[PDB]
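All chains are identified by letter, namely A, B, C, D, E, F, G, H, I and J, in their written order; residue positions are counted from 1 within each chain.
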């Protein structure tokens, strides 16, 4: 369960490819798919993003939310080396979800497996183990105290 | 001389240097229209002459632009090898010989437009070599037009 | 056929291969080499382009146009409207030469045997889908 | 102003300038050490994320976050509708704080400067950067 | 006729030797000889520098002009790598000759061959071709619109 | 003041400091980024060669030109008659512009500084540099 | 002029230089480069062989014939009767183009400035004698 | 194909391999006459046609032989570079076009004779490449004769 | 004799050679080595400086003074008035030992055979002129 | 100790470091007179004793200075090799033994002047080694004077 030194490197790799710091579009597809399922397996959950054109994935308002998220996770996957810092960043990201009425721990489990479905369709030779081990490392700290 | 080993090398470097590991795979079109626009201005030629007739948002014309840029890419990318470059161009030639509206002075126009946009995008672009080489490419395509 | 995500994998892996690789001209000849080695019937099918000698200016100049066009397509894979058009343009450039559905299925065999050797990671399916998504547009 | 080509050139250099992992803290610090020099009066806006100790875990998070956003922008620069929306949220995130109008201009200078140093002054297109960096601030400061 | 990548390097070399950024004297000899001939093959031309003690080569006023020139050409031979910049520098140097009543294109041909005589007497294993190919590249841009 | 030996030491370090090709732009920028910092009021004297965009082709030419001259000087430092004449032309080339007296002093500081950074503070002879760098300005500003 | 022993030194040093050296064509152009750089008057004197461009097929093809013939001579240096004949044949191949005695003296200047750079040891005199012994036969 | 990079490389190797650091500088004549003799036999051509008219001991004919061998040397030694080889041969061509008695089938004869003697002397001599290349050289010299 | 420009070439090429070279003492002995090898008559002509053993402290110490003085001259080549004086001083340091004009012509042969081996580029003439311009001043 | 391998190495480095690839070939005289002037001051000796009698602009005296600097150069440049240094100095000795006016305390004066000017010119100049070595050179020249 410990997101090892190798695991992070091995994850930062998987997430190096299937990624472009130059163009939003890719991030957007990767996100939407993460979301596509999330909902598909928890319709109810969908309601949490009413504050975003959820009912219209292909809409700006929404694609903007996808970017906002995909970016957050990139912002964290990168602190994966400098923990001290990461801690705050999650501690932060946390409060931002505590602020959102509803969204409880359980949800980061649906979101957990949501990503777990998408990646192999984006990153070449993906290490499910390292990803499920490090992805947790992050989601824990976000959904903690939530 | 006219576009030597190092020149091409540099052009092919820069040209890719533009379509680098972070770009080439999204908006060749942005670069492409940018090309066609600088074309239409210098050459004066009428956009009312291409698939879709210009119109940066016409699905046909885009495909067109892509097809043009790629041609230029095939050539640029193979300047180091003389023999096969002459060929690649000759073939391009034939394709254009077959169209009423192409001029020698016009090909160079479109050829010079590439170099230019390349430099707007990549400020380093060794503009002396680019013109030296694009000038050569301009020949093979406009041979006798 | 070739979905939003299956497109990604490919787009990168192609650059990761055809991109990174040394001199395309090799890779390019390399490809047609196979097409012939997996379906000789076709070798003569390119009689108009110095196919006799695979190391000629004339011949290599062709293989390029292909791995080249083949490039101007994978890049446009996300642009549904643009690639369809482009794909259509391409189809009628193959209308003259009589091509059966065993050539296209052969081509994509040549491609998918060239590419994975040049990469650390390559997704069989994801590629098939897109090679398909491409073959179609170019044939019918 | 911020031409389709600038966006091109800006997206690129930003890619190159945007390090990986901790090399961003590198770029980050760079833009901060500046902003706080030229305008020390600004280090006080961040007493929360420890503005005084630019090197703290608090601030490095923060610092990093900023670059995070700023990256989305650059990445969206192409598609406007989203950008708008992006700057929207950002804007609502700086509406509270009492940020001086003379702050964004400075931030932009410190960034544009930071990026230059990082990607090198290999003919750095100031016009393109500024042009596009300003299209950004607008939705935030206003 | 194209001053290639090799040509410039190969020229910057020839002009690396037969050169000292430390002492003016050498530059001065190299110049005067360039001039010595220039005139010798276009006495009339000599008159253009009346605004300099031309009739007295061995004079300050004149040796100063030689430096001014030799330096200009060094300033350009060095931009030979960063064209964009060179362009302006020639575009500049141009106007400065358009400003000088008289001096027309033709003159840069006499000056052309003038240098073409001197160099082999200053630089070891000189590449006439690369020099005649790049020297032009520059003189063109100066005497252009003149 | 600017002793026959300083001229020696100045001619040398200047040789070393004066890069080759684009490495001069390197030294050049260095002296400019400074001059414009300490004295922003000065970036306006060059609206013609694009003072604002220190990185433009216009200014880099210009920047380079300056070093060009400044090199002749150093090179002539030995033989005075010519120098005089050199500074003469220069002087007539700065007579037009409305250059503030407080400009040359700054330029000299930015250069002397620039050269130091470049050749390294390996005991850089400030007395010799300044001494000789001032003998130069005199014929120009006055 | 060029004696029995002075011949030796040279014969070896020439091989040791022109011999060992990388691609003669360089060396060959290299030589004519000088001839021109030490007497421009001559550069135009080869107007019939693409002298305009020293890196041409046409031009280099010439420089070779020379460092080449120049070779078929140093080797024959010991054969008095043979080299004289050969030398004579050569002279009347230079009868058309008007050549003064300042060109031959120039050529051997070009040669003797090229060669010693490529060796550890090279005997000034011993060479002069033989370059002489050769120049003569080719002029008068 | 016809005398490729490696072939020439090998020929130029072997050819020198024959004129190695111990030989080339004494009896190119021994090799040379040996050449002319194998020539005269295969080609049938009459020695009564050269300077000195054959006669391995005629001061003129020797010079002749040397001059021939060297020609072949200039060419052999520069097979790797296509461009300048074509030239070198073309010039040789012209020299022979100017003489009544030269035939296409005869040049190849003399050309094949070189390869052969080369192999008698150097047993290793990759005779497949030698003929491949000497065959090419045979063309440039006998072009149209 | 040795002009303004011919001086340049040399000044640099000498530094480029004697300058760059490893340990002058080698180069220095190296030179005298030749002088002897191209005119034995002279070898005994230095009987007062341990010429018996060319690897002695005494001997090498001499060769230096020469390639050394030989240096303090090429540097002064542009200073007409200074080098003439210096040259004069030198001449009367060679007044005692009887020297013919076949020694100086020999020395400059030794020099011009040593130098070009150490460089990529070296101008025969340009050197002769200056070696001359020097020989004169030192003899008559 | 007294001027060891590294010391000399450093001196010979710096000394050249002064006469570097950009200088040595113009004003050794500037350095030289600068030397003689610092000499005349420390040593007190009268310039009215040299060729031309001082006078930095006397053609004779210049030659003189050059000749002195070079002597010092020959020696400096060969400090690494003990054996031949002793010699070179000894010879210098003899030259001065032959002149009324030279003192032991004076040679060191002129010797120290070199080091000094060397340091004015090249600020880095490891003055501890320079004096250590120049002190040695001072011995060989002033041996018994």
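Quick notes on this structure:
Following the convention adopted for this analysis, contacts are C-beta pairs under 8 Å (C-beta built on N, C-alpha and C of every residue); 3 or more make two chains touch, one makes a residue touch a chain.
For the pair chain D and chain J, chains touching both partners: F. Least step count on the touch graph, chain A to chain J: 3. Interface comparison, A-B versus E-G: the pair with the greater number of contacting C-beta pairs is E-G.
Relative to the whole-protein C-alpha centroid, the nearest chain centroid is that of E.
Interface repeat of A-B: among B-E or E-J, the matching pair is E-J, sharing over half of the residue-numbered contact pairs. Computed from the mean C-alpha positions, the centre of chain C lies at a distance of 54 Å from the centre of chain E.
Chain G has its Cα centroid 77 Å from the Cα centroid of chain A.
Averaging Cα coordinates per chain places chain D and chain G 69 Å apart.
Distance from the chain H centre to the chain I centre is 48 Å, each centre being the mean of its Cα atoms.
Under the contact definition stated at the top, the residues of chain G that touch 2 or more other chains are 38, 53.
Touching two or more other chains at once are residues 11-12, 15, 78, 123-125 of chain D.
Shown for chain B are the residues that touch two or more other chains, namely 1, 22-23, 25-27, 123. Pairwise, the chains that make contact are A-B, A-C, A-D, B-C, B-D, B-E, D-F, E-F, E-G, E-I, E-J, F-J, G-H, G-I, I-J.
Of all the residues in chain A, the ones that touch chain D in their complex are 12, 20-25, 27, 60-61, 63-64, 67-68, 71-72, 74-75, 78-82, 84-89, 92. Put simply, chain I touches chain J in their complex at residues 11-12, 15, 19, 24-25, 57-58, 60-61, 64-65, 68-69, 71-72, 75-76, 78-79, 81-86, 89.
Taken in their complex, chain D has these residues touching chain B: 4-5, 7-9, 11-12, 15-16, 78, 122-125. Every residue of chain E that touches chain I in the complex is listed here, in rising order: 17-18, 25-26, 29-30, 32-33, 118, 121-122, 124-125.
The part of chain B that touches chain C in the complex is made up of residues 21, 24-26, 28-29, 51, 59-60, 62-63, 66-67, 69-70, 73-74, 77-78, 81, 83-84, 86-88, 91.
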